[PDB]
Amino acid sequence: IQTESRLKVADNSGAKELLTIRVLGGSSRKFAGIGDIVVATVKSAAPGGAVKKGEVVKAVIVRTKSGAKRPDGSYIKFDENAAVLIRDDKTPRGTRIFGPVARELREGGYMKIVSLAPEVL
Amino acid sequence: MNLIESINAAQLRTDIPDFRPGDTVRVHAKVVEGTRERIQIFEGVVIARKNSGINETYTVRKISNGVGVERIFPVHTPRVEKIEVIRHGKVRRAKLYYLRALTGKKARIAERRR
Amino acid sequence: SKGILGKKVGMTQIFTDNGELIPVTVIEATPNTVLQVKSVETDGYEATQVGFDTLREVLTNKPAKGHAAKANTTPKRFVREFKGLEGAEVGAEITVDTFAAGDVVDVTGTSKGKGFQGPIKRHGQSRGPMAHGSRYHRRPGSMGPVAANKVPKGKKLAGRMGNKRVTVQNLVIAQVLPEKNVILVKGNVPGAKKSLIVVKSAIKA
Amino acid sequence: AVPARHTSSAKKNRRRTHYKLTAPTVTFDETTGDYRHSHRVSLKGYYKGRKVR
Amino acid sequence: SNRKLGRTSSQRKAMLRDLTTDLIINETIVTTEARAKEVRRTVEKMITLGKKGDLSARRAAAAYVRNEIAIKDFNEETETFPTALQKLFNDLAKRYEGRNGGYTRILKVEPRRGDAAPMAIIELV
RNA sequence: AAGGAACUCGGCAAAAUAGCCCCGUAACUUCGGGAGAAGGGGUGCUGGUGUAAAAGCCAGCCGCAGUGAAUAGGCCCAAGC
RNA sequence: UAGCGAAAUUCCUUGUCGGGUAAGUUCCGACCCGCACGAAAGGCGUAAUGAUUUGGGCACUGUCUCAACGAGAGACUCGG
RNA sequence: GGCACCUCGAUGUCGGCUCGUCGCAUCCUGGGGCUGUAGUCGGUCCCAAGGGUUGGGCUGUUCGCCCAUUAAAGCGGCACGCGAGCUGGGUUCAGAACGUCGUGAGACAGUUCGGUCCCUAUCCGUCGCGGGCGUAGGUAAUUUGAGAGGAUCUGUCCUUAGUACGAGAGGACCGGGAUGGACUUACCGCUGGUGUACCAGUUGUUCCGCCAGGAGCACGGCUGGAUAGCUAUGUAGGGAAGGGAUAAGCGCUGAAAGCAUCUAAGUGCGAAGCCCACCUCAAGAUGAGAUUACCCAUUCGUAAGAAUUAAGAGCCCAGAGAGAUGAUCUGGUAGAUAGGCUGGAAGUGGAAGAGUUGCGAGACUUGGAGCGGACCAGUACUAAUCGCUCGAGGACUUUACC
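Chains as they are written, first to last, in the entry's author numbering: chain BN, 2 to 122; chain BS, 1 to 114; chain BE, 2 to 206; chain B4, 2 to 54; chain BQ, 2 to 126.
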C-alpha cells in the first residue's frame with residue numbers, strides 16, 4: 002500500500018483516525034500489504050480513547066484493497082482499507098476487534114489479535 | 001494452443017455445476033491454520049465469474065460483517081469441492097460492479113427466476 | 002547433456018500438486034537430433050552443434066543435405082551447442098526423457114523483439130516530471146561532465162531492443178511430467194512466439 | 002543545429018554515396034514487348050497471362 | 002492487418018462504408034493497395050454474409066450497404082438488376098456459394114504518376 | 001489500481017462540482033447584503049387524473065446511470081493591503 | 001500625543017511564548033527590547049467588494065509512488 | 001582570502017529536477033590489532049572504495065532543524081557536475097510600496113508583489129541497425145575465445161544455547177537453517193490497467209418514403225464491459241558456494257647478534273580488494289581464427305583478362321516472433337505464408353422476426369439465444385506464378401614430401 006493515508010478503525014482504541022508514516026522494508030519498502038508492523042499516528046479520536054493530536058504509535062495493518070495472493074492461489078479477501086492499533090507489541094488494544102479479518106495475519110506473530118478477532122477468512 | 005487445451009484439459013475436475021452470473025453460493029473449502037485439515041465453509045454474493053479458460057473463474061463478495069470481501073478461485077482446484085446456488089439470480093449484465101452500492105434491493109432481488 | 006530441442010506454444014497456469022496454482026509452461030518435446038560428439042582435439046571445446054527442426058526439401062542447401070553429409074540422414078533447420086555430452090550417433094540421438102544438468106534449470110531463450118523504445122522503456126531511469134511549467138519529461142538526462150570535452154559510453158540511453166538472448170538462472174520446475182511431446186516448465190520462461198528454448202542447467206548451481 | 006564549418010564537397014558526396022536509386026526489375030521483350038514487372042501488370046492488361054484493363 | 006488507413010476510424014469505417022457499395026455497383030475496381038487489402042479481408046466476409054439470404058442478417062447488412070441507383074441497369078425498368086440488396090446476394094452469390102471463400106482477386110496495377118501511388122485492381126468472381 | 005499533495009517555492013495545470021425546480025442557509029453587517037452561503041432532496045418512461053391555466057397524484061414499467069450526452073460555480077476558515 | 005508594533009516597518013535575531021503543525025525559520029495570537037512605527041507623505045479600525053498575497057482545512061485527484069495504455073499531427077519510408 | 005594572466009565583437013554566474021562518474025581523509029557491510037574490552041554493547045586505529053549509502057515537514061537559498069528510520073543515514077571532486085536537457089522561487093530591467101538615507105534627482109541585498117529562459121543537429125562524441133571491401137577460391141553452417149561489458153548489496157528469526165561468559169543483570173563467538181528488503185532480468189496464464197473495425201444498454205438529432213429494425217453525428221455522444229497485443233503494482237528469478245593471488249595482520253625455522261628474531265634467505269595462514277569462476281558482447285582478434293559440408297577446377301590466343309556458370313546467394317512477392325527504414329524470420333504453391341472459408345473458443349448478454357400477456361409501458365416463448373478484431377485447428381478459395389541478376393575456377397616461396 003501507500004502510507005500517509007487516513008484509515009478507519011477496527012479496534013477498541015478510541016482513535017477515530019489512523020494514518021501510518023512509513024513501514025520499514027529495512028529502509029526500502031513502499032508497500033504494506035499484510036502480516037507486517039507499521040507506524041501509525043492519529044489526527045481524530047473519540048471522547049474516549051488515548052489521545053488525538055498527532056501521536057506516533059505502532060500498528061498492524063488489517064484491511065487493504067487486496068494483499069498477497071494465497072499459496073492456495075485462491076484470492077485475497079477484503080475491499081476497503083482499515084487497520085488496528087498495536088498494544089505496544091503484538092497484543093491488541095481491546096476485546097472487540099470489530100469487523101472481519103483474514104487468516105493471513107496469524108502466520109506473523111498476530112495470533113493473539115486473531116484470538117481477540119471474532120472471525121477470520 | 002491445442003496442445004494447451006490438451007494439457008490444461010487434462011487433470012481438471014468435471015463436477016463443478018453450471019451457474020449464471022453471481023449469487024450467494026455455498027463454498028466448501030479446506031484451509032486450516034492448525035494444520036489439521038479443517039473445513040472452512042464460506043458464503044457471500046458472487047459478483048460473477050471471470051471468463052477465459054479453465055483457470056480464470058469467479059469471486060465471492062461477502063459483505064456480511066459490514067465489510068465487502070471477495071474470493072477469487074478456480075473451479076477445478078481440488079482444495080474446494082462443493083459450491084451451491086442459494087438464489088438463482090438472473091439480472092441484465094455479467095459482472096455486477098453496480099453491486100458496489102444500494103445494498104437492499106440488489107441484495108434480496110437478483111432472481112428473476114423461471 | 003540436456004536435449005531440450007524444442008519450442009513452446011505459449012504461457013499458461015495450472016495447479017499441479019496439493020493444489021498450488023503455478024504459472025505453467027511447456028516445450029514441444031520433439032525427439033532430439035544430436036550429431037556426433039566433436040571432442041577437444043580437432044576443436045578445443047567439447048560441445049555438440051546439435052541439429053533440429055526437420056526441413057522439407059525447399060529450405061535446405063547442399064551444405065544442409067550436405068550437412069546430412071557428415072551427418073548421416075535427415076537435414077534439419079536449427080543448430081545449437083551443448084557442452085556436457087553423452088554421445089550416441091553421428092547425426093541424430095536420444096529423446097527428451099533423459100535429463101543431465103539440473104532441475105533449477107537456468108533456462109536459455111531469445112527474448113521478445115519489442116523494437117526500438119523510449120529511453121525509460123527498458124533502461125528504467127526516472128521519467129521526468131510533468132507539471133509545473135517545465136518542458137522536461139520523457140527524456141533521460143544529462144550524461145557528460147564538463148571537465149572533459151567528451152561524453153562517456155556505458156550509460157544506456159536508447160537502443161533498438163528485444164532480439165537479445167538471455168540465459169536466466171534457476172527456473173523452478175521439478176522432475177517434469179513427461180509425454181511424447183510435452184515439457185512442463187514454469188511461467189515466465191523467456192524467448193518469444195516460435196522460439197527455441199534449449200537449456201543447460203546448474204551453472205550457478 | 003547550425004553547422005560549424007564548410008562541407009568539403011568530396012565528403013559531401015561521401016554523404017551522397019548510399020543515397021542512390023535502385024533499379025526495378027523489368028520484364029523484357031515478351032512478344033517483342035511490351036513490358037511489365039514480375040508480380041505486376043503489362044500495358045496490355047496482362048498479369049498472369051490474361052488481359053485486365 | 003486491420004490497419005490505420007491514414008484516416009480516422011470514423012473515415013475508415015466510412016471510406017470502407019463507401020467503397021464497398023462502389024465496388025459492387027461497379028464490377029471490378031482500381032484503387033490503392035491498402036484499401037484493397039481491407040477489401041481482401043472485409044468485403045469477402047461480408048459478401049459471405051451476402052451468401053446467406055436472411056432478411057434479418059441482410060438487415061444487419063443494411064448497415065453495410067446503402068441506397069443506390071444501378072448502372073447495371075435496367076433496375077428502373079422490369080427486373081434485371083436490384084437495388085443494393087435482396088437479389089444481388091444471389092445474382093452474384095449463386096455462382097459463389099460452391100466456392101469456399103476467396104472471391105476477390107487482387108492485381109498490382111502499375112503505379113500512379115501522381116505521387117508514385119501503387120494502386121491495384123480487385124475483381125469478384 | 002491503490003494512495004493522496006506527500007511534487008514543488010507554491011494543489012501550478014488537469015480533476016470535480018455546476019442546469020432547472022424545491023428545502024434550507026451560519027458569521028458580521030455600513031442592516032442592503034452575505035448567499036446560489038453551506039448542506040440537502042428531486043429530475044426517465046407508461047397509463048390514468050389535472051392539467052390544458054396548472055403542478056402534484058396514483059400505480060406500474062424500467063433502468064449502471066434519468067439537465068442519460070452536450071452546454072452551465074470547486075468550497076470553507078483567517079489575515080494583510 | 002493618541003493609536004499600532006516583529007508591521008509591505010526589527011538583518012539587528014529562525015526576538016520570546018502560545019496556538020495550527022508529529023513533524024513548523026514561513027502562518028496566526030499575544031507579548032513590544034519600537035536600530036528605524038506613527039498621525040493628513042493620513043495613524044488605527046472597517047462588513048460587502050478583489051484574476052490580490054499568504055496560511056490552514058474540506059472536496060476532487062496521474063502532480064507523484066511509478067508509471068502504463070491507446071487516438072491524431074509532425075517526426076520517419078517513398079513520390080512531388 | 002589575495003593575485004589580474006584568457007574571457008567586454010559575449011566564460012548565462014543560485015537552488016532544484018534528471019542523469020551520473022571518480023576519489024578516498026571509509027558511514028555501513030569485510031578482516032585485524034589494541035582496549036580503561038567478563039561478555040552484550042563500546043572506544044580505538046591498520047588494510048580496505050566490491051556494493052550500498054532513506055523518506056518527509058520547514059527554510060527560494062546553501063547550512064541547519066524536526067519526525068520516523070535502517071546496513072549506514074559518508075565527505076568531496078567534476079565550469080559551487082550538467083539551461084543548444086529542463087524549471088525560474090534568488091539577486092539580475094522598467095513598476096509600486098514600506099523602512100531608512102539623501103533638499104532633490106534617487107539610493108541603501110533591507111523587505112515584498114509582479115516581471116521577457118530561441119535554436120529546424122554540420123563535425124567530433126553517444127546509442128542501435130546497415131551497406132562496400134577484406135580475411136590468396138566461391139560458398140554455407142558451426143563454434144572456440146584475443147578482448148570488452150554487466151552484476152556484486154543488505155536485514156530479520158530460530159538452532160547451536162540463555163549455552164560460553166557472567167553473583168547477577170544481561171548475553172555470546174563460531175556455525176547451520178529459515179525469512180525479508182530493495183535492485184535488476186524475463187514474461188502478461190494470473191491482480192489487473194488499457195483496449196477507437198467486439199457485444200450490450202442509452203440521450204438528443206437527421207436519414208433509410210411508414211413503423212419496426214437500422215445507419216450517420218454529437219470527444220470513440222455517454223456508460224457497462226472486454227478478445228488480441230502492450231504494460232506493473234502482475235508472476236518467477238539472482239547476488240550461492242568456490243578457486244588462486246593476497247593487502248593489512250597473524251606463523252614455524254632461522255641469520256649479523258651462538259641468544260633472540262613472522263625475514264634476510266625458506267616455508268604458512270589470512271580479507272565484500274584483485275583475478276578466475278556467474279551472465280552477456282565477441283575473429284574487421286587484419287593475428288581476420290579453428291571445425292563441418294558443397295561446388296569444383298570452366299569456355300574464349302586468356303599475356304592481360306573477358307564471359308559463362310556451379311555450390312549457391314539474391315532480386316521480386318507474401319506476411320510477421322521482427323521491425324523507423326534497411327536488415328531479421330517465416331514462406332512462395334512439392335502451399336497453410338498472409339487474407340477469406342469452416343469449426344470451435346472469444347466477450348457480450350437473451351438477437352431479430354414471429355407469437356403470447358399487458359390500455360400502454362412492458363414481461364415471456366422461440367433461445368446461453370443471437371452476434372462476434374488482431375484466438376487456435378483444418379481448408380488452396382485468392383495472393384505468394386511467371387521471370388531476372390550477382391556469383392569460384394583459386395599466386396609465390398621453403399621444407400616435409402609435394
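Built from N, CA and C at the ideal position, the CB exists for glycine as well.
Please report the Cβ distance between residue i and residue j, rounded to the nearest whole angstrom; I am assuming they are in contact, meaning their Cβ atoms lie under 8 Å.
i, j, result
"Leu25 (chain BN)", "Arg7 (chain BN)", "Rounded, the Cβ-Cβ distance is 21 Å, inconsistent with contact."
"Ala15 (chain BQ)", "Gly51 (chain BQ)", "About 20 Å; that fails the 8 Å criterion."
"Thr168 (chain BE)", "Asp107 (chain BE)", "6 Å"
"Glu43 (chain BS)", "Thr59 (chain BS)", "Not a contact, Cβ separation roughly 13 Å."
"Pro76 (chain BE)", "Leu56 (chain BE)", "6 Å"
"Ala51 (chain BN)", "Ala16 (chain BN)", "7 Å"
"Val10 (chain BE)", "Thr34 (chain BE)", "Between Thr34 (chain BE) and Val10 (chain BE) the Cβ distance is about 20 Å, and since that is not below 8 Å, they are no contact."
"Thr26 (chain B4)", "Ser43 (chain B4)", "Not quite, the Cβ-Cβ distance comes to about 14 Å (not below 8 Å), so this is no contact."
"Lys91 (chain BN)", "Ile114 (chain BN)", "7 Å"
Can you check whether the CB of residue j is closer than 7 Å to the CB of residue i?
i, j, result
"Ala48 (chain BS)", "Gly66 (chain BS)", "no"
"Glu84 (chain BS)", "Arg20 (chain BS)", "no"
"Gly163 (chain BE)", "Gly103 (chain BE)", "no"
"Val110 (chain BQ)", "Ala121 (chain BQ)", "yes"
"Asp44 (chain BE)", "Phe79 (chain BE)", "no"
"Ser2 (chain BE)", "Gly85 (chain BE)", "yes"
"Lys30 (chain BS)", "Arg108 (chain BS)", "no"
"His28 (chain BS)", "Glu70 (chain BS)", "no"
"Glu18 (chain BN)", "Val39 (chain BN)", "no"
"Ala118 (chain BN)", "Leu86 (chain BN)", "no"
What span of residues does the alpha helix (DSSP H) with residue i cover, start to end?
i, result
"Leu17 (chain BQ)", "10-26"
"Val115 (chain BN)", "112-116"
"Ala11 (chain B4)", "10-16"
"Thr99 (chain BE)", "Note, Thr99 (chain BE): premise wrong, no alpha helix (DSSP H); not H, not E."
"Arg108 (chain BS)", "103-108"
"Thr49 (chain BQ)", "45-52"
Measure the C-alpha to C-alpha separation of residue i and residue j and round it to an integer number of angstroms.
i, j, result
"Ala30 (chain BE)", "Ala193 (chain BE)", "17 Å"
"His19 (chain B4)", "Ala11 (chain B4)", "14 Å"
"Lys71 (chain BE)", "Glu58 (chain BE)", "18 Å"
"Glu45 (chain BQ)", "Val63 (chain BN)", "58 Å"
"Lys187 (chain BE)", "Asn8 (chain BS)", "14 Å"
"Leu56 (chain BQ)", "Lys73 (chain BQ)", "23 Å"
"residue 1 (chain BN)", "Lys50 (chain BS)", "Limits of chain BN in this structure are 2 at one end and 122 at the other, which puts residue 1 (chain BN) out of reach."
"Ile184 (chain BE)", "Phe32 (chain BN)", "36 Å"
For residue i, I'd like the list of residues in its chain whose CB is within less than 7 Å of its CB, leaving aside the five on either flank, ordered along the chain.
i, result
"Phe99 (chain BN)", "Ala11"
"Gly68 (chain BS)", "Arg61"
"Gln118 (chain BE)", "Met162"
"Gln14 (chain BE)", "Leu22, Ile23, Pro24, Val25"
For the beta strand (DSSP E) that residue i lies in, which residues bound it at each end?
i, result
"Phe90 (chain BQ)", "That residue, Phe90 (chain BQ), is in no beta strand (DSSP E); its alpha helix (DSSP H) goes 89-92."
"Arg26 (chain BS)", "25-29"
"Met12 (chain BE)", "12-16"
"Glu84 (chain BS)", "83-85"
"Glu124 (chain BQ)", "120-125"
Residues in its own chain within less than 8 Å of residue i by CB, not counting five upstream and five downstream?
i, result
"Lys151 (chain BE)", "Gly145"
Note down, in chain order, each residue of its chain lying with its Cβ closer than 6 Å to the Cβ of residue i, except the 5 sequence neighbours on either side.
i, result
"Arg106 (chain BQ)", "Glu124"
"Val53 (chain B4)", "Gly46"
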